[PDB]
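# Fold and contact review
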Amino acid sequence: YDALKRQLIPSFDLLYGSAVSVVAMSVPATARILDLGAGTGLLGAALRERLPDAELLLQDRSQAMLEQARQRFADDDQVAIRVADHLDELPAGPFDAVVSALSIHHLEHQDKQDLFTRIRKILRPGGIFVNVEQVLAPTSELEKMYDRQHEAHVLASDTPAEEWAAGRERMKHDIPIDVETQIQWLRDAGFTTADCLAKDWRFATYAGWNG
Ligand SMILES: Nc1ncnc2[nH]cnc12
Ligand SMILES: [Ca+2]
C-alpha cells in the first residue's frame, strides 16, 4: 500500500522528510511523540528511523490500520498504540511533539480549531505540532490549478485508473482549508510561532511551537 501513497501524494519525500527534520531540530533524541491519525504508520516509522530512542504513541480510530502500523516496528520496539478518534479526549502526555499526516482535513473547521487547542494542552512548553496536510487553494480559480497539478503527478506516477477513481470518491468527504488560514488557527489556539515549512500546491507541511 506504501507505493500507492507515493503515487497519490506529490513531493512525498519533501513533505514527510520536512516533518521528520523539523521534529529532529525541535525535540531531544528521547522525545515523547504522539502520531495523531497514524494510519498504517508511515510518519511514525520515518520518525523512528531518525529518532531511535524516541517514545512513540501511534493513535488512530482504525484497529486494522494500527495493526499494519505495528507490523512496521520490530517486536522489541517499545512503540505504543491507542485506538481513539481525533474528537475523543487526547492522551494526557506531556508530549515533546504531536504529529499528523493527511487526517485533520476530514474534521469540520470548528473541530480542527478545538483540536489545535487540545493539542497545545498536552504539549510541554516549547513543544511542536507538525501537520503534513491536504490544503485548499485560497480561490476557486487557484483550486482548479491545484487540482490539475495533483492529477499531473498521479498520471505521471502511472497510478492504476481504479485507484485514482477510488481517491476521487474519498476526496468528496474532505473538508480542506487553505494553509495560511489553518496556520492562523494555530496562533489563535496559542501557538506562539507557526510556519509553512514545505509545500507542493495541494500538499503542505506546517508546524506550530507552544513557546
Ligand atoms: N477523525 C479521525 N479520527 C481518527 N483517525 C482518523 N483517520 C482519519 N480521520 C480520523
Ligand atoms: Ca482525505
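Looking up the protein chain in the PDB entry gives the name SAM-dependent methyltransferase, with the organism given as Kitasatospora cystarginea.

With that out of the way, let us pick up the coordination of the calcium ion (ligand 2). At the metal site, the calcium ion (ligand 2) is ligated by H105 (NE2), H106 (NE2) and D174 (OD), and these contacts range over 2.2 to 2.4 Å. Read N to C, the donor residues that coordinate the calcium ion (ligand 2) are spaced as H-H-x67-D.

For the rest of this paragraph, the subject is the pattern of salt bridges. Summed over all chains, the structure comprises 10 salt bridges. In this structure, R72 engages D2 in a salt bridge whose closest nitrogen and oxygen atoms are separated by 2.6 Å. Residue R72 is located in the loop between α4 (63-71) and β3 (80-83), and its partner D2 is located in helix α1 (residues 2-8); the two are separated by 70 residues in the primary sequence. The class of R72 is partly exposed, set by a relative accessible area of 30%. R118 serves as the salt-bridge partner of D114, at 2.8 Å between the closest nitrogen and oxygen.

Below, the discussion takes up the UniProt feature "binding site: S-adenosyl-L-homocysteine" (unreviewed entry) in the protein chain. Listed under "binding site: S-adenosyl-L-homocysteine" (unreviewed entry) in the UniProt record, and renumbered for this structure, are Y16, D60, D85, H86 and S103. Mapped onto the elements of the fold, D60 is located in strand β2 (residues 55-60). When near neighbours in sequence (up to four residues on either side) are disregarded, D60 contacts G37, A38, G39, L66, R82, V83 and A84. Inspection of the secondary structure puts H86 in the loop between β3 and β4 (95-101). Those residues in contact with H86 that lie beyond four places of it in its chain are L36, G37, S103, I104, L107, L115 and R118. Within the structure, the side chain of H86 is placed 2.5 Å from the side chain of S103, a separation counted as a polar contact.

Rules behind the numbers
Throughout, residue numbers begin from 1 within each chain and advance along the sequence as written. They need not agree with those in the entry, and any residue without coordinates is left out. Labels are handed out in written order, letters beginning with A for the chains and numbers beginning with 1 for the ligands. Remark: hydrogens and water are excluded; side-chain values derive from all non-hydrogen atoms of the structure. Coordinating donors are taken as N, O and S atoms within 2.8 Å of the metal, stretched to 3.2 Å for Na, K and Ca; because water is absent from the atoms, sites can appear incomplete. Between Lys or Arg on one side and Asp or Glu on the other, a salt bridge is scored when a side-chain nitrogen of the former is within 4 Å of a carboxyl oxygen of the latter. Runs of E in the DSSP output that reach at least two residues are strands. Runs of H or I that reach at least four are helices, and both are numbered from the N terminus. Each residue gets one of three labels from its accessible area relative to the maximum for its type: buried under 20%, exposed over 50%, partly exposed in between, using a 1.4 Å probe on protein chains only. UniProt positions are given in the numbering used here, feature names are shortened, and annotations may be inferred rather than shown by experiment. We call two residues contacting when some pair of their heavy atoms lies within 4.5 Å. A 3.5 Å cut-off defines polar contacts: any pair of N or O atoms within that distance qualifies, except that in protein one atom must be a possible hydrogen donor and the other a possible acceptor, and neighbouring residues in sequence count only when both atoms are side-chain atoms.

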